[PDB]
Amino acid sequence: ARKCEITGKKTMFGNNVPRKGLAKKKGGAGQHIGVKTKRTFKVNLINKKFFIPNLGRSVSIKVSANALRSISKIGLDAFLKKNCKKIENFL
Amino acid sequence: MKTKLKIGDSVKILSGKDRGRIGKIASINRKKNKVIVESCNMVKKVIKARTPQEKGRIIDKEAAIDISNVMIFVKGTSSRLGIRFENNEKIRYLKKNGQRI
Amino acid sequence: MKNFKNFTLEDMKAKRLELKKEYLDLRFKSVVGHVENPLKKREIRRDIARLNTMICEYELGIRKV
Amino acid sequence: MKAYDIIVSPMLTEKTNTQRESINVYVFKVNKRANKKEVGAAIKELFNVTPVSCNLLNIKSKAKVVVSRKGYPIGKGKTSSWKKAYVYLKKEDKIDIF
RNA sequence: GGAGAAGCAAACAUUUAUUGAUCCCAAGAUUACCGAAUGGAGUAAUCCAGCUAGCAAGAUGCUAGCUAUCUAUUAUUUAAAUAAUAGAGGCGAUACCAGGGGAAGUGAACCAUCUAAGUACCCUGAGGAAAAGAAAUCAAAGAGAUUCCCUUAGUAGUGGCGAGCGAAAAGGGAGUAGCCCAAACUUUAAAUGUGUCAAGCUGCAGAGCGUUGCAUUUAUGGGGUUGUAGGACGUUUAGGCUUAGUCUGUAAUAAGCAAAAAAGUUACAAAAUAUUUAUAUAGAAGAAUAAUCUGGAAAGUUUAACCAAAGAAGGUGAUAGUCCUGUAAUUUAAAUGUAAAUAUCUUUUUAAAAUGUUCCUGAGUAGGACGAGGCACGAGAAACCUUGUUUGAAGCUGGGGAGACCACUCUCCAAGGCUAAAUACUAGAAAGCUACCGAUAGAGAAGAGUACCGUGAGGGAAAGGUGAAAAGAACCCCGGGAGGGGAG
RNA sequence: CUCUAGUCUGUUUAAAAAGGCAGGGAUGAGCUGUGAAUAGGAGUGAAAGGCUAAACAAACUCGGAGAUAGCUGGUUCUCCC
RNA sequence: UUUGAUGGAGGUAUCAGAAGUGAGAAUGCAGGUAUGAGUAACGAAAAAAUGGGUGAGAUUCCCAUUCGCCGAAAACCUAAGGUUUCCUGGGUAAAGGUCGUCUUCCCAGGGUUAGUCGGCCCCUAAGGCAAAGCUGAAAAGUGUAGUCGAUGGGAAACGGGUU
RNA sequence: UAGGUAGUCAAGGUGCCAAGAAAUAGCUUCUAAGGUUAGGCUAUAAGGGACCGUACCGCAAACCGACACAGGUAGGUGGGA
């Protein structure tokens, strides 16, 4: 699914809320909610390739930009360990 | 169901047509809880016994009386029955006096 | 209910064979038309079932010789 | 399945009687799980004669209508289906038990 | 358990049973084929096989035993591939629980915000309960986990300030229980990186220049778990010893052995016992009425008793405490299930308080910005909590919360994981109760999801009563029977 | 073999769309058998708001549901003020 | 509330309490029975007649001799479907638009025999399912290797007799 | 004897454009890993036929229309004038 294969992020369902009028913190008399509809917020998965010198080959994973940022911060092996997944589950 | 009367005993009929007439128990239908006393509750019945046409006839036979309507009667006495344990034997005795049946 | 409660394993096997003879012949005579004791069929069938359990208990070792 | 669970019982009917008298054919009720080969083997073991051939039929169950204690249809009951065997012997062969 | 039995019902024959049947309870055996159906397939109850063994084996023969998928763990270069085990698949409960998705008929006398409502329904997961749970909590009181009742209170607030929606704390009860990790250092290594001089070890010394030097991950034993306490340092200590605190023997501590306690309900795990007249699944015993009258029949009338830890309720030819089955109070267990208690066994402590130094104490986390959701609270000055898109810290000389925000002050310690009871539920099994129904009522159904209707999903009826006992009308007469007239 | 102009019968019909006279096509945009495919705000449609199990300007079954009605109907013994 | 007849086993006075507490109508619901009425109809304008037989009973059943109708059928043989309706013996509660000894109705028994027919099986079309791969809150959606799927393609028989 | 139709020869012949199933089966043939009585082939005598359906109606009082219904129901036979 649109699911980060590392963390488990998935799309989040919510509303779509139009508003008419001017907020009181802008001098307006207020705002009014219109007709709410249903909508979905989608994770932006990236089909990234990580080259692993440890076995000299590239592994492709579905990760979100957030997980990519965290991998750049901490290191792929440690991040996989923290989320209790192993590189051999991919490939 | 469970009962304390044995086939072959001699019983006195408490109620019905045959007051106090004393007869032997011939059979016990414990599905219906009824008992057949010899020469008691004596009814006339017709039988063809089969469809071919030699003859049919009227015979006399006893009808099943309910269990509750008889009571054990031994040596000139009728009474309820209790049971006792002696000599590793579930034996029966008369509640009125307490003797070997 | 006949009494085999002392028989040995192979004696029971022989009993089973000749009882199966008896049952087959009894069925044949019943179809041919007159058999005085129809319930003999039920009796023989129950005997055979007894033998089957008792043999089975021999192999299973529940009942030891 | 031993050769005794195969053969159930013969059939004594007008048709089978004339057939047996004329062309030496024997008809049996057999078990529904038998087939040609073990019916032949069973015939051999039982009557010590080998049949030339065997034919088998599946007789369907006859339906009856069930009526209440008063009497009026409340459902469809049915007999048990069964299997019939025609057994063909050599012209000198015979089966005696009949 | 004791004399009948061959189901729910007898008929009419024919056997079984005192050599202890039928029946009841427990264990076991058999257990066709289909169905998660799983050797492949398929129109579910039926075809097609492979491999091994047995049938004279063999020509589309028969009987047995294996060969489906997924997850986790190892035998591997966990991937490919098998192999090894362990656990899952489906159903039930037209109930309860958690998570995900989520309406509308309606109300607002229209209607769009709002309401109905996180209801109906769908989907994924479990359990005997689930969920939640041992404060980065409440809230201005000094309380001390979670959950469920009573109140606060229809109050505080909230709302096209319209309809409506609607707290929690305090205080009163039910029930009670608190713990385990990560890290700090350190122990046995493996693997991966990296290295040739002081890289190691309590400090005197000789040895010693690599006890792999050190790191990273995995596995393993110790160590420890919190209003900043805990490690290394500081001595008293340190049971006493044996090993070593890189090597040997000395001042100086650890790895093992005496001395004790807790535990399968969290707090390590796995059982086996006996033991408990504990209990559940069969049973045993169980009290004390005669006469009279009417009547087809007595239990009823009448006159007298007798039992009662038993006058609950049914049946018996009319209304029975003493006729039967039972009821009160007692009690049966070889076998099996479940409970406790006892030891067996298992694990743990092989010590505690004592002062400051450096180290550790959960990171893409707290928080910020934007778009949404949950808070009773609809953006409103909008706190708090969850989150998608982004940005991003402090490291106790710290950080969170206290309904915008700031200061001071007060409380608490997040980004790790567990936990019984009070609670909710009864399709059901056992024992009962009823100002509940008595056949158009009560479950749709006293005979039923049947008859019947629809291609299908599905919809769905009607029909109880002879008598106390068949004692079911022998026989005769009219009539083809049916039906009736006599006799019984 | 396939369809139904015109007309009549039928019209509490033999038939929940037929029957009797007849008529159009009939080597093709033909007719038909046996399977399969497309499903409800969707399908299909030589296009009629036609058809989708005899009902279609949004099928049927179950559930929300005892939906909502300012509308219509019904609401059971007696006497006294 | 008193008495007769029927009935053959349960009811009731006073006080107090509680309601599924009083029906003539909702084109109400269910059952029974009137009315129209012994009236319309008895399902196509192919057609019947006599004699004999059976039998309690015959316009209707059986047989015989005539007549009439269909005859690119209203004949014969296989499908699709039905499921004992098939044959023999027996029966007339009901069902048959009348009658009935009759029947496709009821009861009992009997009846379906395959190496060559049609399947199964070996093949594929339309199409379904589908490890992997890919995509989706979930259920699932696409989809290759594979496997199913006749209305098709594949070894083999004809004539006569018999119940 | 003579005539002679519907089949069949015929998936033929001759024209035409709208350019007219698939198969891993059957038949024939080629070989790899392999085999050289291990077989395959030609005969010849000996025996092995799987499992299921088989009645009856099938232009109709037995199927589809609630019916003993003037309707519908594929295909092969279709005498004589």
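Conventions used here
- Residues numbered from 1 in each chain as written, not as in the entry; some residues may be left out.
- Chains lettered and ligands numbered in written order.
- Part of a larger assembly, values for the part shown.
- Heavy atoms only, no water.
- Helix = DSSP H or I, 4+ residues; strand = E, 2+ residues; numbered from the N terminus.
- Rg over C-alpha atoms; globule rule 2.2 N^0.38 Å.
- Contact = heavy atoms within 4.5 Å.
- Areas by Shrake-Rupley, 256 points an atom, 1.4 Å probe, with all protein chains shown as cover.
- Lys, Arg positive; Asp, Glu negative; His and termini not counted.
- Charge placed at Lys NZ, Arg CZ, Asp CG, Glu CD.
- Buried < 20%, exposed > 50% of the residue type's maximum accessible area, 1.4 Å probe, protein only.
- Arc of directions from axis to C-beta.
- Near = heavy atom within 4 Å.
- Polar contact = N/O pair within 3.5 Å; in protein donor to acceptor, adjacent residues only side chain to side chain.
- Pairing = 2+ DSSP bridges.
- Buried area = accessible area lost by both parts, 1.4 Å probe.
- Nonpolar A, V, L, I, M, F, W, Y, C, P; charged D, E, K, R; others polar.
- Salt bridge = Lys/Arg side-chain N within 4 Å of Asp/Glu carboxyl O.

Listed as the method for this PDB entry is cryo-EM; the listed resolution is 2.86 Å.

Caption draft 1: Up close: the overall build of chain D. A count of helices and strands for chain D gives two helices and six strands. Walking chain D from its N terminus toward its C terminus, one meets helices and strands in the order β-α-β-α-β-β-β-β. Its C-alpha atoms give chain D a radius of gyration of 17 Å, more than 25% over the compact-globule value 13 Å for 98 residues. Its C-alpha atoms put chain D at 55 × 30 × 20 Å along the principal axes. Taking as baseline every contact in chain D between residues at least 6 positions apart, the subset at least 24 positions apart corresponds to 62%. Summing over all exposed atoms, chain D offers an accessible surface of approximately 6,500 Å²; the carbon and sulfur share of this is 51%. Computed over 21 positive and 8 negative side-chain charges, the separation of the two mean positions in chain D equals 15 Å.

Caption draft 2: Inspection of helix α1 (residues 65–74) of chain A at higher detail. All names here are of chain A. Among the residues of α1, those classed as buried are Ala-67, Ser-70 and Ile-71. Buried residues along α1 cover an arc of 105° about the axis, so they all sit on one side. Relative to its buried face, α1 has exposed residues pointing more than 90 degrees away, namely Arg-69, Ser-72 and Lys-73. Within two residues after α1, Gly-75 carries a phi angle of roughly 110°, on the positive side.

Caption draft 3: Quick look at the protein's contact with RNA strand E. Lining the immediate environment of RNA strand E, one finds 74 residues, of which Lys-9 and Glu-88 of chain A together with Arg-19, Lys-45 and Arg-80 of chain B sit closest. Of what RNA strand E places within 4 Å of the protein, 82% of the atoms are sugar or phosphate. Side-chain polar atom of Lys-6 of chain B to a phosphate oxygen of RNA strand E: 3.4 Å apart, as the coordinates give it. Within the side chain of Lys-95 of chain B, an N or O atom sits 3.5 Å from a phosphate oxygen of RNA strand E.

Caption draft 4: Representation of the sheet that holds strand β7 (residues 70–72) of chain B within the structure. Residues and elements named next belong to chain B. Pairing in this open sheet of five strands is antiparallel, and the strands run β6-β3-β2-β1-β7 from one edge to the other. Strands with a single pairing partner mark the edges of an open sheet, and in this sheet they are β6 (65–66) and β7. Of the pairings in the sheet, the one linking strand β2 (residues 22–29) to strand β3 (residues 34–37) comprises four bridges and is antiparallel in character. Each residue of the ladder has a partner; that of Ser-27, found in β3, is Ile-36.

Caption draft 5: The interface of chain D and chain C, seen in detail. Across the contact, eleven residues belong to chain D and nine residues belong to chain C. Roughly 1,000 Å² is buried in total at the junction of chain D and chain C, and carbon and sulfur atoms are behind 74% of that figure. Among the residues chain D hides against chain C, the three largest losses belong to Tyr-4, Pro-10 and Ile-97 of chain D. Together they make up 49% of the total. Our count for the chain D to chain C interface comes out at three residue pairs in polar contact. Of all the secondary-structure elements, those providing two or more residues to the side of chain D that touches chain C are β1 (7–10) and α2 (36–47) of chain D. The greatest single-element share of the side of chain D that touches chain C, amounting to four residues, is contributed by β1 of chain D. Among the residues forming the side of chain D that touches chain C, the class breakdown is ten nonpolar, one polar and no charged.

Caption draft 6: Broad picture of the protein's contact with RNA strand G. The full set close to RNA strand G counts 19 residues, and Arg-2 and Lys-42 of chain A together with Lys-15, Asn-55 and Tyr-88 of chain D are the nearest of them. Sugar and phosphate atoms represent 72% of those atoms of RNA strand G found within 4 Å of the protein. The backbone of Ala-1 of chain A places a nitrogen or oxygen atom 3.3 Å from a base nitrogen of RNA strand G. Residue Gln-19 of chain D places a side-chain N or O atom 3.1 Å away from a base oxygen belonging to RNA strand G. For the surface near RNA strand G, the secondary structure elements donating two or more residues are α1 (14–23), β3 (53–59) and β6 (82–88) of chain D. Here the residues of the surface near RNA strand G sort into eight nonpolar, four polar and seven charged.

Caption draft 7: Region of interest: the environment of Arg-50 of chain C. Residue and element names in this part refer to chain C. For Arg-50, the location among the structural elements is in helix α2 (residues 40–60). Classification of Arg-50 by relative accessible area gives partly exposed; the value is 25%. Sequence separation of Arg-50 and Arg-16 is 34 residues, and the distance between their C-alpha atoms is 9.6 Å.

Caption draft 8: Highlighting the arrangement of the chains. The two units chain A and chain B remain apart, with a minimum C-alpha distance of 70 Å. At their nearest point, the C-alpha atoms of chain B and chain D are still 22 Å apart, with no contact between the two.

Caption draft 9: Quick peek at the pattern of salt bridges. Enumeration according to the criterion identifies ten salt bridges over all chains in this entry. The partner of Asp-18 of chain B in a salt bridge is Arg-21 of chain B, and the shortest N-O contact between them spans 3.6 Å. Residue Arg-21 of chain B is classed as partly exposed on the basis of its relative accessible area of 34%. Residues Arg-63 of chain C and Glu-57 of chain C are paired through a salt bridge, measuring 2.3 Å at the closest nitrogen-oxygen approach. Given a relative accessible area of 34%, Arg-63 of chain C falls into the partly exposed group.

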